[PDB]
Amino acid sequence: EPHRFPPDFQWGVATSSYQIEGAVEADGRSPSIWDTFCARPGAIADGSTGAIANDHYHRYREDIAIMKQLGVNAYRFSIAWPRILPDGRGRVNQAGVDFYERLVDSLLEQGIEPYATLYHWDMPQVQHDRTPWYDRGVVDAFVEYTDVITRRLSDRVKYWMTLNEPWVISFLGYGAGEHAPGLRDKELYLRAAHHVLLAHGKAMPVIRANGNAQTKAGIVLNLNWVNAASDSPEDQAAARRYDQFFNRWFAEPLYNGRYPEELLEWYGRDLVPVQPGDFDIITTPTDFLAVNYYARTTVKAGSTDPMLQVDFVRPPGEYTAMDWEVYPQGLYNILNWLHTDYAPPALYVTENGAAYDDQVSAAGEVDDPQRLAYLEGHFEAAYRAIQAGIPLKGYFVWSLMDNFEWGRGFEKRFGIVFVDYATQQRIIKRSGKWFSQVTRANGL
Ligand SMILES: O[C@@H]1[C@@H](O)[C@H](O)OC[C@H]1O
Ligand SMILES: O[C@@H]1[C@@H](O)[C@H](O)OC[C@H]1O
């Protein structure tokens, strides 16, 4: 009664360049804003950096053979700007383009469809020094990079995502100081949020011009299910503000050419650097909307976040090692909201997964029953979305393998494949062996 996904459903895994590649000085790559941020005392919980990570730069063929064992028909990765244009603009680093050619050819040779993210947070440092996200000149810098890389690969890459999680780039990078470049200012976050949207909309016709009739592109939004802690008017309004901040701030511009008006007023409307024609650019038609979903966030009126006047509440329930509530209904809820309000022609889940404490048994196995249960419940929510008529075309598990989890460093393991950092040994987890069966059965 709750069995099979559509016959051409895309089952994948996802990664990003800085989280897995390592070889940070190899083959002409220049430092990213993350290579510099990892130097800051207190920025990374375990004091780690992405300098080596999974060494996927060297080990990609072995990682693609693991993908074949998992039976995925798709693979979501990001392209490092610092390998392609190490001076940020101008001179193409041929050897960096060459890595992504070898990666894309190794994937298509194994029948794995490439889903390429253009921007997953690793701007070159030298380019951030000229154009941070809050400087409108960042838009043409991103379009130039997009132009260069899409010209080289669009014969072989059909699916293109512009930027990964505008909320993270803007708010964690410039509003909360938790991600590179590590600034913390309401105005800088709002400028960066606007310029991310404009870089999305200006990139879109360049991806299309450099491609063919098969080329599909879209943006990737992180979205979480937001819940008021109670029916108190103060708590309902706290939830609505947080929802406006987290979920609607990017979606409303993308589909309706407006920011959420109540939150825009709350902030100071003049702080957002909107020019005439900007919403026409931001609303440029997309082929799909990609969604990164992890959790339910429960909000009360409070002062924890002084910017939004909210506190977070943990309902009784199940939490990952990140302290993120496990709420698979939230994924159905988000997909249904997007379907009803915006009618994207296609939806992808480009990230969903969990971090739990993992150990290699005496027998060399990784028994992760809480990660397996996490995935089973979310896959079941996706199946329900499809049965309700929501045009969900694919699902990418975060992550293929344990990697550098940004401010959490390597202590949080998201992989369905375990990495022994002492040896770079990959061990497919119990959750990975289970997924190996889901992909092959195309269902649960
Ligand atoms: O994507 C985001 C994560 O990387 C960070 O820890 O804070 C919020 C998340 O949704
Ligand atoms: O890259 C990932 C990000 O997109 C998600 O929200 O945060 C977890 C990271 O693993």
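Computed over heavy atoms, backbone and side chain alike; hydrogens, waters and symmetry mates excluded. FYI, the numbering just counts along the sequence from 1.
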Is it true that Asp420 and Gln424 share a donor-acceptor pair across their side chains at a distance under 3.5 Å? no
Indicate whether the side chain of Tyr159 and that of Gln214 have a donor and an acceptor atom separated by less than 3.5 Å. no
Enter the distance from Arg371:CZ to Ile416:CD1 here, rounded to the nearest 0.5 Å. 9.5 Å
Below 4.0 angstrom, N of the basic side chain to O of the carboxylate: do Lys68 and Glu109 qualify? no
Where do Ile219 and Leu163 come nearest, in terms of heavy atoms and distance? CG1-O, 3.6 Å
Between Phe379 and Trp434 (judged by ring centroids, cut-off 6.0 Å), do the two rings come close enough to count as a pair? yes
Is the distance from the ring center of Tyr134 to that of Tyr189 below 6.0 Å? no
Check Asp287 with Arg208, please: is the shortest side-chain N to carboxylate O separation under 4.0 Å? yes
Walk me through it: do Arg156 and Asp105 pass the test side chain to side chain contact (heavy atoms under 4.5 Å, CB included)? CA-CA 8 Å; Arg156 298 183 274 350; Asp105 294 341; 2.8 Å; yes
Residue pairs, two or more places apart or on separate chains, that pass salt bridge (charged side-chain N to carboxylate O under 4.0 Å, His left out) and touch residues 170-195: none
Derivation and outcome, side chain to side chain contact (heavy atoms under 4.5 Å, CB included), residues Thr49 and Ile44: CA-CA 8 Å; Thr49 89; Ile44 318 298; over 6 Å; no
Is there a side-chain contact between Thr298 and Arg314 (heavy atoms, below 4.5 Å)? no
Donor-acceptor check, side chain of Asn224 to backbone of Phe246, threshold 3.5 angstrom: yes or no? no
Donor-acceptor pair between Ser154 and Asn210 side chains, under 3.5 angstrom: no
Under 6.0 Å between ring centres: does that hold for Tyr60 and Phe99? yes
Taking atom types as modelled, is there a side-chain donor on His339 or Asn336 under 3.5 Å from an acceptor on the other? no
Test applied, ring pair (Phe, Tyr, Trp, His ring centres under 6.0 Å); reference residue, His179; option that passes from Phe37, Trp133, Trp34: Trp34
Show, in sequence, the C-alpha distance, side-chain angles and deciding distance for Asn292 and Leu221, and conclude whether the side chain to side chain contact (heavy atoms under 4.5 Å, CB included) test is met. CA-CA 6 Å; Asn292 290 359; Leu221 299 186; over 6 Å; no
Consider only side-chain N and O atoms of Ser106 and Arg61, and report whether a donor and an acceptor are under 3.5 Å apart. yes
Does the side chain of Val13 come within less than 4.5 Å of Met67's, by heavy atoms? yes
Got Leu223 and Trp167 here, is their nearest side-chain heavy-atom distance under 4.5 Å? no
Are any non-hydrogen side-chain atoms of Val157 and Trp160 less than 4.5 angstrom apart? yes
Check the orientation of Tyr293 and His378. Use parallel for under 30°, tilted for 30 to 60°, and perpendicular for over 60°. tilted
With the side chain counted from C-beta on, respond yes when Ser32 and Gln125 share a heavy-atom pair under 4.5 Å apart, and no when they do not. no
To the nearest 0.5 angstrom, please state how far the CZ atom of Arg76 sits from the CD atom of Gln10. 14.5 Å
For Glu318, is the CD atom crowded, meaning more than 12 foreign heavy atoms sit under 6.0 Å from it? yes
Kindly determine whether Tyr395 and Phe9 satisfy ring pair (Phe, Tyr, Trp, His ring centres under 6.0 Å), including the steps that lead there. CA-CA 8 Å; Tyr395 197 123; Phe9 197 70; 7.3 Å; no
After noting the C-alpha distance and the side-chain angles of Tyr332 and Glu380, does the key distance pass the side-chain hydrogen bond (donor to acceptor under 3.5 Å, both in side chains) rule? CA-CA 9 Å; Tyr332 175 96; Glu380 167 55 29; over 6 Å; no
For a 4.5 angstrom cut-off between non-hydrogen side-chain atoms, does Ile282 reach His194? yes
Side chains of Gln69 and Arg426: any donor to acceptor distance under 3.5 Å? no
To the nearest 0.5 Å, how far apart are CG in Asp27 and CG in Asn93? 7.5 Å
Quick one: closest heavy-atom pair of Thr117 and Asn164, and the distance? CG2-CB, 4.0 Å
Determine the minimum heavy-atom distance between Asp402 and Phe414, stating which atoms define it. OD1-N, 3.8 Å
Salt-bridge test for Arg91 and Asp87: reply yes if a basic N is under 4.0 Å from a carboxylate O, no otherwise. no
How many angstroms lie between atom CZ of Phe245 and atom CE of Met307, to the nearest 0.5 angstrom? 6.5 Å
Is the count of non-hydrogen atoms from other residues, nucleotides or ligands lying under 6.0 Å from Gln359 atom CD greater than 12? no
Quick one: does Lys429's side chain have a donor or acceptor within less than 3.5 Å of a partner on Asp367's backbone? no
Nearest non-hydrogen partners of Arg40 and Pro181, listed with the distance: NH2-O, 3.2 Å
Answer with yes or no after comparing the ring centroid distance for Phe5 and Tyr383 against a 6.0 Å cut-off, counting only values under it. yes
CG (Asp323) with more than 12 external heavy atoms under 6.0 Å: yes
May I ask you to test the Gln244-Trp249 pair for a side-chain heavy-atom distance under 4.5 Å? no
On the six-membered ring of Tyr145, is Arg89 placed so that its NZ or CZ lies under 6.0 angstrom from the centre and within 45° of the ring axis? no
Give the intermediate values and the outcome of side-chain hydrogen bond (donor to acceptor under 3.5 Å, both in side chains) for residues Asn352 and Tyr374. CA-CA 9 Å; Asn352 175 71; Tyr374 181 97; 3.1 Å; yes
Are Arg430 and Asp368 close enough for a salt bridge, meaning some N to O gap below 4.0 Å? no
Distance-only polar pair, side chains of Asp305 and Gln309, donor-acceptor under 3.5 Å: no
Taking every heavy atom of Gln127 against every heavy atom of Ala141, the minimum-distance pair comes out as NE2-CB, 3.6 Å
Are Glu351 and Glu165 packed together at the side-chain level, in the sense that at least one heavy-atom pair is separated by less than 4.5 angstrom? yes
Shortest non-hydrogen contact between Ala382 and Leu392, atoms and distance: CB-CD2, 3.5 Å
Take a 6.0 Å sphere around CD1 of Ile52 and say whether it holds more than 12 heavy atoms from other residues, nucleotides or ligands. no
Residue pairs meeting side-chain hydrogen bond (donor to acceptor under 3.5 Å, both in side chains), one or both in residues 11-24, sequence neighbours left out, come to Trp11-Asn442, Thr15-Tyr75, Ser16-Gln19, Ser17-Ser78, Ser17-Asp122, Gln19-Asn403, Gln19-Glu405, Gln19-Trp406, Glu21-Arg83, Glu21-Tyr100
Can you tell me how far the CD1 atom of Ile112 sits from the CG atom of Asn73, to the nearest 0.5 Å? 8.5 Å
Mutual orientation of the aromatic rings belonging to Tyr174 and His128 [parallel < 30°, tilted 30-60°, perpendicular > 60°]: parallel
May I ask you to check whether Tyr115 and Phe396 place their ring centers less than 6.0 Å from one another? yes
Point-to-point distance, once rounded to the nearest 0.5 Å, from CD1 of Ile428 to CG of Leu70: 5.0 Å
